Structure formats: structure tokens, C-alpha cells
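J.: Taken in sequence, the protein lines are chains A, B and C.
So in my numbering, spot 150 of the first sequence is number 152, and the numbers just go up one at a time.
So in my numbering, spot 63 of the second sequence is number 168, and the numbers just go up one at a time.
So in my numbering, spot 184 of the third sequence is number 185, and the numbers just go up one at a time.
Even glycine gets a Cβ: it sits at the ideal position worked out from N, Cα and C.
Please read through the structure below; I'll follow up with questions.
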Amino acid sequence: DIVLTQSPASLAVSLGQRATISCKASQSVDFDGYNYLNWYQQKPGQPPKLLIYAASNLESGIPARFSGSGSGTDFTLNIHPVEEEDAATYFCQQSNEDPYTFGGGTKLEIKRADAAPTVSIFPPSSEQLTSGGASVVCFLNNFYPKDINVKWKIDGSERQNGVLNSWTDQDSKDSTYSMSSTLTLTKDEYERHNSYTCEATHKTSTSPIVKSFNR
Amino acid sequence: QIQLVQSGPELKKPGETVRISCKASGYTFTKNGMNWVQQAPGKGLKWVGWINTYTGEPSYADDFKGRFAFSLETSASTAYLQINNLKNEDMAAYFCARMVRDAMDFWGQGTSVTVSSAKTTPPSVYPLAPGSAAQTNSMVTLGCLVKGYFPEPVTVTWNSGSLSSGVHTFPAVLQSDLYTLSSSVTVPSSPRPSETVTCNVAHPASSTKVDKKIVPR
Amino acid sequence: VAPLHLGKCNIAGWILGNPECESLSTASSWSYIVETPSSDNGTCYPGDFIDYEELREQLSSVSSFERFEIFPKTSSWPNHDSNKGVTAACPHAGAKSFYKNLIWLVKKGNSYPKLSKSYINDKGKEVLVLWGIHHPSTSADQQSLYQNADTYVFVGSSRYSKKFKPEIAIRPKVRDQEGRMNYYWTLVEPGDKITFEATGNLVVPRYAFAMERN
Ligand SMILES: *[C@@H]1O[C@H](CO)[C@@H](O)[C@H](O)[C@H]1NC(C)=O
């Protein structure tokens with residue numbers, strides 16, 4: 003194969019700045035003065051979107067802030083300036099020789115606000131307590147950066163089992179992250195305690211943010 | 106309007122075979138080739154192969170010559186990717202994309218393939234209501250919980266799509282061969298105690314649809 | 002008789018083997034030719050067709066037209082790779098390709114030896130042989146593709162003789178190509194031997210055409 007590479011894995015670029023991604027192929031992906039290098043954008047849950055081809059020509063309908071340059075084995079992707087919808091993952095792919103090979107992929111991160119999460123706690127519904135179980139949910143929305151963790155306190159004592167954490171990717175129009183922590187317990191284990199507390203640790207707060215209810 | 110639509114998800118036990126589809130629309134199916142790419146989240150992309158929709162001769166990567174084939178339907182305008190036997194590997198999304206300028210331009214819908222001997226399980230919908238406040242927020246947060254279903258995916262909407270702002274859907278987390286994911290919506294505090302807010306869930310694998318109204322506590 | 006009707010293509014791209022220029026006439030006895038026209042004036046690679054009008058007046062009043070493989074790709078070029086000689090200027094379904102009647106040889110590994118093939122025309126008819134001489138744009142495109150800066154081609158025959166040589170120069174952009182590629186042709190008489198001799202820049206024949214006329 004003609005293995006490409008990744009530089010860098012991820013980079014957090016502020017809004018209005020210049021985000022440069024560069025990828026280097028093991029072999030020369032050029033021929034007859036033509037470079038068969040392509041760039042793609044893939045927002046989560048969506049198929050990769052063509053941006054640039056061969057290796058500087060912009061695809062019709064792509065904003066002008068995207069620009070690709072290079073020749074031989076050293077190529078670059080330039081975004082000038084950076085928006086908030088540009089939060090996605092970028093790959094570089096060649097077509098000089100079979101098989102076609104994709105790059106390691108670069109995930110771009112937008113930086114702004116540096117905000118704190120919005121916490122909401124939900125008790126077990128009536129429908130789920132009939133099935134013999136009980137799941138307590140805590141939502142963390144519109145926070146940045148993504149670095150965060152959650153502790154579950156039952157009557158003041160910590161719990162770490164049945165914990166199903168699930169982050170979202172960076173928001174397209176808000177550039178913020180969201181997390182959901184699910185604490186699953188049986189019906190009998192849920193009815194013997196009264197205080198349920200989930201608390202998160204985020205850099206925008208020295209002390210944990212607490213949100214609790216009483217059964 | 107160039108369209109490349111791919112059949113819905115597929116759940117097959119290890120060792121069977123699959124026949125994924127790709128329907129061409131908005132352009133001449135001939136005069137352009139069809140690429141196939143394998144996407145496993147985090148693991149990046151891998152180029153399956155390429156099929157010359159005029160000559161009909163395929164070209165595969167080295168990691169697929171043997172169990173993967175390309176077949177065309179040209180009278181009708183469809184391309185197929187057949188996988189067999191399915192080791193529990195190749196557990197990933199599959200895209201059909203078009204040749205234009207030695208690149209790929211109009212990628213396809215997406216065909217998430219799952220390979221497990223487990224059984225189809227419709228979900229159990231649980232409404233998530235606050236039930237307590239202190240007049241401290243002009244905005245409240247609801248929730249709809251979907252727990253214990255198989256396989257992916259599920260479609261969660263609010264009031265059949267009328268509530269789109271302030272909606273968050275968290276990706277599922279697999280545990281004990283069953284997925285669990287939760288959703289949220291943020292509307293003011295004036296419409297909620299009066300106007301009906303309904304969670305709408307659709308599990309296309311079991312052909313089951315459940316609507317859950319959010320009732321205060 | 003009836004004229005030959007080409008589809009999507011002029012005589013240039015039709016007989017050059019241009020992809021996307023697949024006529025369907027299957028007539029082997031036409032009188033003159035009628036050509037649907039387009040942007041790639043046959044030559045999907047920027048170049049000049051030598052003695053074109055001489056070829057137009059040859060491909061006319063035809064009473065037979067067998068197309069055979071003069072230089073079989075699989076068993077003709079051991080020291081040079083027949084693959085890899087494709088560019089995005091001559092695509093086939095959005096994928097780089099090349100003329101299906103010509104093979105674009107490039108150096109195998111890091112060596113381009115002195116090729117020398119010969120066809121002696123066991124056909125009982127005039128055989129149309131087409132070839133091409135690539136003219137790179139840079140002195141590096143030469144070494145990278147052919148490794149020999151002092152290359153030459155020599156097509157020789159009883160009726161034809163001509164020594165070729167690259168003409169490296171930056172040509173104006175045409176189809177994202179700053180180089181050129183001229184095409185030539187000749188009639189090999191029954192029983193005559195047409196020689197090929199090159200150390201680079203030879204787009205070698207693959208398919209020829211036996212034919213009678215009138
Ligand atoms: C194509 O050929 C015609 C004559 O047949 C010539 O006038 C024209 O300029 C050529 N195309 C271009 C782009 O020059």
C-alpha cells in the first residue's frame with residue numbers, strides 16, 4: 003500500500019484563526035505533474051464530504067476558506083478563517099496506486115465560551131419501576147472543554163457500577179459538548195435509599211457541581 | 106439532485122451473507138464508477154474497492170479479495186456489495202461513493218452492518234420529568250430514555266418533529282448485548298405544564314413505534 | 002454504401018481508443034465517416050494529430066476493418082510496466098484511464114531499457130498502426146517517468162522512417178496538462194516489417210487495424 007499519515011491527531015483552534023492539517027504519504031502520490039491527493043470532511047453520523055481534489059482544486063459549492071496545497075509526499079489542508087460548523091473530522095486520501103488508502107484522519111476542535119454544564123437529574127419513571135428496575139439519569143449540556151467526569155452518591159456513599167456514560171461530539175452551531183450518565187439499579191436496590199446525588203468535575207469550577215433529589 | 110441511497114441497517118448472525126444496495130439517481134449511472142468504503146468509528150476509513158460501471162470489471166483492496174464482491178444492475182441502476190462469510194469482524198458502516206475525478210464526491214446514505222447472534226429486542230420507553238423546581242429557571246429540561254433494545258439504530262423526535270431547537274440525542278452505549286441511550290429537550294416553563302410534549306421513538310428493526318407523553322411529577 | 006456513424010467522438014478519439022468514445026456501429030464496410038463532436042477533440046491528452054487529414058481520407062471507402070492486437074500487453078513489454086500509464090486527463094467512469102488502443106510505457110523500477118519490437122504483417126491487408134510520443138513539461142517529469150534525459154523514439158518501416166525526441170517545455174494549461182502528446186500513424190504493407198525502437202517517451206501500439214479500401 004501507499005500508507006498516509008496523521009499530523010496532528012487533534013488540534014483545538016480558536017474561531018477566526020488558521021487551522022493547518024498536513025499529511026505525508028510514504029510513496030510519491032504524483033504522476034505526470036498531477037497529484038492524486040484528496041481531502042474529505044466527515045461530521046459525525048454523516049458520510050464523508052468531498053472538499054478538495056488533485057490536490058488544490060476546490061469542489062464546487064465548498065466555501066473558499068478551505069484550501070489545499072502540496073506536491074510529491076507533503077500536502078497541507080488550510081482553513082482560513084475557522085468557523086463553528088467546521089467542527090468535524092478530516093481525512094486525506096490518495097489515488098496514485100491501488101489500493102486507494104486513507105489517512106489517519108484529523109478531528110478539529112473549536113474553542114470558545116469556556117462555559118459550564120447545565121445539569122438536570124431525573125428520577126425513575128413509574129413505567130420502569132414496574133419492570134423491576136430503576137435508572138437514574140443526569141444530563142450535562144452545553145459545556146466546554148469535553149474533559150469531565152461524574153460521581154454517583156447514594157445516601158452520601160459513592161457508586162461506580164451500572165454507570166453508562168455517553169458523550170456527544172462538538173455542537174455544530176454552539177461548539178459545546180454534552181454528556182449523559184446513566185445509573186442503573188434494580189427496583190429493590192432503589193427503594194431502600196432516599197438521597198441520590200450525581201456530581202461532576204469540570205475545570206470551570208473548583209468544587210463539584212451537585213444536583214440531587216430525595217425519594 | 107444526485108442521490109446515492111443505501112438499504113437500511115442489517116443484523117445477521119456470523120457466517121451468513123449480505124446483499125447491500127446502492128441506488129443511483131440524479132445522474133447517469135453509467136459513465137461513472139462506484140466506490141465502496143468501510144467505516145469503523147475511531148478505526149478510520151478503509152477503501153474496499155471500485156467497480157467500472159461500464160466495463161463491469163472490479164478492483165478490490167488486498168484485504169477484501171475473497172469474501173467481498175461487486176455486482177451491478179445496469180438496466181435498473183443499482184450497485185451491490187456482497188459480504189460472505191461474515192466473521193464478527195467487518196463490524197462497521199459501509200458507504201457507496203461515486204467516481205468523478207479520481208476522488209469520491211457524492212457519498213451514500215450509509216449501511217450500518219451488525220454481526221451478532223443476539224435477538225431483536227424492541228425498546229422500553231421511559232419518560233423523564235423533573236418534578237421539582239424553585240422558580241430558578243425560565244427554561245426546564247425534559248428527557249426521554251430508551252433502554253434495552255437491539256440492534257441499532259433508533260429515531261427519537263419531539264412532537265413528530267415540531268420541537269427541533271434545544272434537542273440533544275446522546276449516542277447509544279452497548280451493555281449486555283443491549284443498547285441504552287437518552288435524549289433531552291429544552292423548552293420554556295410556560296408551555297410545558299399546559300401544552301402536550303410527546304416523545305416519539307421508532308425502532309425500524311422490530312417495526313415497533315412507541316409514543317410517550319411527558320407528564321409532570 | 003452508408004457512412005459510418007460514431008457516437009460521442011470524432012475520428013481522433015475513436016480510433017485512438019479513447020475511452021468514453023465507444024462507437025456501436027459494428028459496420029466494417031463504411032464509405033465515409035460522420036462524427037458526433039465534443040470537448041476532448043478526440044485527444045483526451047493535449048497533443049497534435051499528425052497527417053490527420055491524410056488519415057481521414059484513409060478511413061474512407063472502406064471494405065474491411067479487422068482490429069487485432071499488434072502488441073499484446075501481457076507478453077510484449079517485460080522490461081517496462083504497461084500498467085501505471087494512465088492519467089486523469091483520459092478517464093473511464095471518473096477514474097484515470099488511457100486509450101484502449103495505445104499503451105503508455107514508463108520505467109520499470111528505476112530502469113527504462115532500450116525496447117525494440119517489430120511487427121511483420123502476417124495480415125493480407127494494409128495495417129493501420131498508431132502510436133504516440135509523449136512530450137513532458139519538466140526535465141524532472143522525464144527522469145521520474147523515463148529516467149533517461151537523452152531519450153529517442155524511432156519508428157521505422159519500408160514506407161516510413163522518422164526519429165523522434167522529447168520536446169520538454171511548459172505548455173499552457175489544457176485539461177490540467179502542461180505537457181503534450183502527439184500521435185502518428187502509418188500503413189504497413191502486406192509482408193513489410195514495422196520496427197519500433199525507443200528508450201523513453203514512446204506510447205506504444207496495442208491494437209492495429211487491417212483494412213482494404215474501395
Ligand atoms: C476542436 O477542433 C476544432 C476543429 O475541428 C477547432 O476549431 C477547435 O478549436 C478545437 N477545440 C479547441 C478547444 O480548441
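#1: Enumerate in chain order the residues of its own chain whose CB-to-CB distance from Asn-190 (chain B) is below 6 Å, with the five nearest sequence positions on each side excluded.
#2: Below 8 Å, how does it come out for the segment 146–157 of chain A and the segment 77–95 of chain A: are there three or more Cβ pairs, yes or no?
#3: I'd like the list of long-range same chain contacts for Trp-105 (chain C), defined as Cβ closer than 6 Å, with 5 residues on each side in sequence excluded.
#4: Determine which residues of the segment 227–240 of chain B have a Cβ less than 9 Å from any Cβ of chain A, and write them out in chain order.
#5: Check whether the Cβ atoms of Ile-156 (chain B) and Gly-131 (chain B) lie closer than 8 Å to each other.
#6: For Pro-79 (chain C), count neighbouring C-beta atoms within 10 Å of its own C-beta (all shown protein chains included) and say buried if the count is 16 or more, exposed if not.
#7: By Cβ distance below 7 Å, which residues in the same chain neighbour residue 1 (chain C) in space, the five residues on each side in sequence not counted?
#8: Relative to ligand 1, is the shortest distance from any of its heavy atoms to the C-beta of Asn-183 (chain C) smaller than 7 Å?
#9: Should the segment 221–231 of chain B be called in touch with the segment 197–205 of chain A, which here means at least 3 C-beta pairs below 8 Å?
#10: I want to see whether chain C comes within less than 8 Å of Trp-263 (chain B), judged by CB atoms only; does it?
#11: If you draw a straight line from the C-alpha of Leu-13 (chain A) to the C-alpha of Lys-113 (chain A), how long is it?
#12: Evaluate the contact criterion for the segment 189–204 of chain C versus the segment 156–169 of chain C: three or more CB pairs, one atom per stretch, below 8 Å.
#13: Please identify, using Cβ separations under 7 Å, the residues of the segment 306–320 of chain B that lie next to chain A, in order along the chain.
#14: In chain B, which residues lie with their C-beta within 7 Å of the C-beta of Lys-97 (chain C)?
#15: Please confirm whether any heavy atom of ligand 1 lies closer than 7 Å to the CB of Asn-42 (chain C).
#16: Evaluate the contact criterion for the segment 171–189 of chain C versus the segment 121–129 of chain C: three or more CB pairs, one atom per stretch, below 8 Å.
#17: Is any beta-carbon of chain A found at less than 8 Å from that of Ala-166 (chain B)?
#18: Suppose only complete runs of 4+ residues qualify. What are the alpha helix (DSSP H) ranges in the segment 121–203 of chain C, listed by chain order?
#19: Is there a Cβ from chain A that is less than 8 Å from the Cβ of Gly-266 (chain B)?
#20: With a threshold of 8 Å between beta carbons, is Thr-158 (chain B) in contact with chain C?
#21: In whole angstroms, give me the CA-to-CA distance for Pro-227 (chain B) and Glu-191 (chain A).
#22: Count the other C-beta atoms from every protein chain shown that fall within 10 angstroms of the C-beta of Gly-8 (chain C), then say buried if there are 16 or more, exposed otherwise.
#23: Does the beta carbon of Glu-168 (chain C) come closer than 8 Å to any beta carbon on chain A?
#24: Is there contact here, the segment 197–206 of chain B with the segment 137–146 of chain B, by at least three beta-carbon pairs under 8 Å?
#25: What residues match up with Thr-199 (chain A) in a beta bridge as DSSP calls it?
#26: Are any of the Cβ atoms in chain C nearer than 8 Å to that of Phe-33 (chain A)?
#27: Under 8 Å, do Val-63 (chain C) and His-81 (chain C) count as touching if we go by C-beta distance?
#28: Check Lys-136 (chain B) in the structure and name its three-state DSSP category.
#29: When the distance is taken between beta carbons, is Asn-80 (chain A) closer than 8 Å to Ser-71 (chain A)?
#30: Got a sec? Which residues, its chain only, sit under 7 Å from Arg-172 (chain B) by beta carbon, not counting five neighbours each side?
#31: Would you tell me roughly how many angstroms separate the C-alpha atoms of residue 259 (chain A) and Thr-186 (chain A), rounded to the nearest one?
#32: Would you call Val-290 (chain B) buried or exposed, if buried means 16 or more other Cβ atoms sit within 10 Å of its Cβ?
#33: What do you reckon, are the CB atoms on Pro-46 (chain A) and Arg-67 (chain A) nearer than 8 Å?
#34: Please name the residue in B:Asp-210, B:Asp-195, B:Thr-135, B:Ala-198 whose C-alpha comes closest to that of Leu-60 (chain A).
#35: Comparing the C-beta of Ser-130 (chain B) with each C-beta of chain A, is any distance below 8 Å?
#36: Could you give the distance in angstroms between the alpha-carbon of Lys-148 (chain A) and the alpha-carbon of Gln-8 (chain A)?
T.: So, from the listed chains and residues:
#1: As a position in the second sequence, residue 190 (chain B) is number 85, starting the count at 1. These residues qualify, in order along the chain: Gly-120.
#2: no
#3: Indexing the third sequence from 1 puts residue 105 (chain C) at position 104. So the list reads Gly-86, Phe-99, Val-204, once near-sequence residues are dropped.
#4: If the cut-off is 9 Å between Cβ atoms, the segment 227–240 of chain B has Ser-229, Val-230, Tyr-231, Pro-232, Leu-233, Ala-234, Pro-235, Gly-236, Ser-237 near chain A.
#5: Here the question's residue 156 (chain B) lines up with position 51 in the second sequence. Here the question's residue 131 (chain B) lines up with position 26 in the second sequence. Cβ atoms of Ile-156 (chain B) and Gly-131 (chain B): not closer than 8 Å.
#6: For the purposes of this step, residue 79 (chain C) is taken as the residue at position 78 of the third sequence. Counting of Cβ neighbours within 10 angstroms places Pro-79 (chain C) among the exposed residues, the total staying below 16.
#7: Examination of residue 1 (chain C) is not possible in this model, given that chain C is present from 2 through 215 alone.
#8: Against the third sequence, residue 183 (chain C) aligns to sequence position 182. The answer is no for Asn-183 (chain C).
#9: With the cut-off at 8 Å, the segment 221–231 of chain B and the segment 197–205 of chain A do not touch.
#10: Along the second sequence, read from residue 1 onward, the residue named residue 263 (chain B) stands at position 158. No, no contact with chain C.
#11: On the first sequence, position 11 is the one that residue 13 (chain A) refers to. On the first sequence, position 111 is the one that residue 113 (chain A) refers to. Approximately 10 Å between the Cα atoms of the pair.
#12: yes
#13: none
#14: Here residue 97 (chain C) corresponds to residue number 96 of the third sequence, with the count starting at 1. Within chain B, the residues near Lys-97 (chain C) are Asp-207.
#15: Your numbering for residue 42 (chain C) matches position 41 in the third sequence. Yes, ligand 1 has a heavy atom inside 7 Å of this Cβ.
#16: Note that the segment 171–189 of chain C touches the segment 121–129 of chain C; at least 3 beta-carbon pairs, one per stretch, sit closer than 8 Å.
#17: Along the second sequence, read from residue 1 onward, the residue named residue 166 (chain B) stands at position 61. True, the Cβ-Cβ gap to chain A drops below 8 Å.
#18: Correct list: 140–146.
#19: Within the second sequence, residue 266 (chain B) is the residue found at index 161, counting from 1. No, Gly-266 (chain B) lies away from the interface with chain A (no Cβ there is under 8 Å from its Cβ).
#20: In the second sequence, the residue the question calls residue 158 (chain B) occupies position 53. So yes, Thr-158 (chain B) belongs to the interface.
#21: Sequence index remark: in the second sequence, residue 227 (chain B) carries index 122 (1-based). Sequence index remark: in the first sequence, residue 191 (chain A) carries index 189 (1-based). Their Cα atoms are separated by approximately 25 Å.
#22: Within the third sequence, residue 8 (chain C) is the residue found at index 7, counting from 1. Its Cβ having fewer than 16 others within 10 Å, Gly-8 (chain C) is exposed.
#23: Within the third sequence, numbered from 1, the residue matching residue 168 (chain C) stands at position 167. Closer than 8 Å: no.
#24: yes
#25: Here residue 199 (chain A) refers to the residue found at position 197 of the first sequence. DSSP lists A:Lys-155, A:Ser-214 as partners of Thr-199 (chain A).
#26: The sequence position of residue 33 (chain A) within the first sequence is 31, counting from 1. It does; some Cβ of chain C falls within 8 Å.
#27: Residue 63 (chain C) sits at position 62 when you count from the first residue of the third sequence. Residue 81 (chain C) sits at position 80 when you count from the first residue of the third sequence. No, they are not a contact pair.
#28: Reading the second sequence from its first residue, position 31 is the one you call residue 136 (chain B). Correct three-state label for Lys-136 (chain B): coil.
#29: Position 69 of the first sequence, counted from the start, is the residue given in the question as residue 71 (chain A). Position 78 of the first sequence, counted from the start, is the residue given in the question as residue 80 (chain A). Taking 8 Å as the Cβ cut-off, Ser-71 (chain A) and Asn-80 (chain A) qualify as a contacting pair.
#30: For the purposes of this step, residue 172 (chain B) is taken as the residue at position 67 of the second sequence. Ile-188, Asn-189, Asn-190, listed in sequence order.
#31: Nothing can be reported for residue 259 (chain A), as the shown portion of chain A is limited to 3 through 217.
#32: Looking up residue 290 (chain B) in the second sequence gives position 185. Buried, because 16 or more other Cβ atoms sit within 10 Å of the Cβ of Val-290 (chain B).
#33: Numbered from 1 along the first sequence, position 44 holds the residue referred to as residue 46 (chain A). Numbered from 1 along the first sequence, position 65 holds the residue referred to as residue 67 (chain A). Going by C-beta atoms, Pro-46 (chain A) is not nearer than 8 Å to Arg-67 (chain A).
#34: On the first sequence, position 58 is the one that residue 60 (chain A) refers to. Comparing C-alpha distances from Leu-60 (chain A) to each of B:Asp-210, B:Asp-195, B:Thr-135, B:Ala-198 shows the shortest one belongs to B:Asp-210.
#35: As a first step, residue 130 (chain B) must be located in the second sequence, where it is residue number 25. So, not an interface residue.
#36: Mapped onto the first sequence, residue 148 (chain A) falls at position 146. Mapped onto the first sequence, residue 8 (chain A) falls at position 6. Between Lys-148 (chain A) and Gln-8 (chain A), the C-alpha separation is close to 22 Å.
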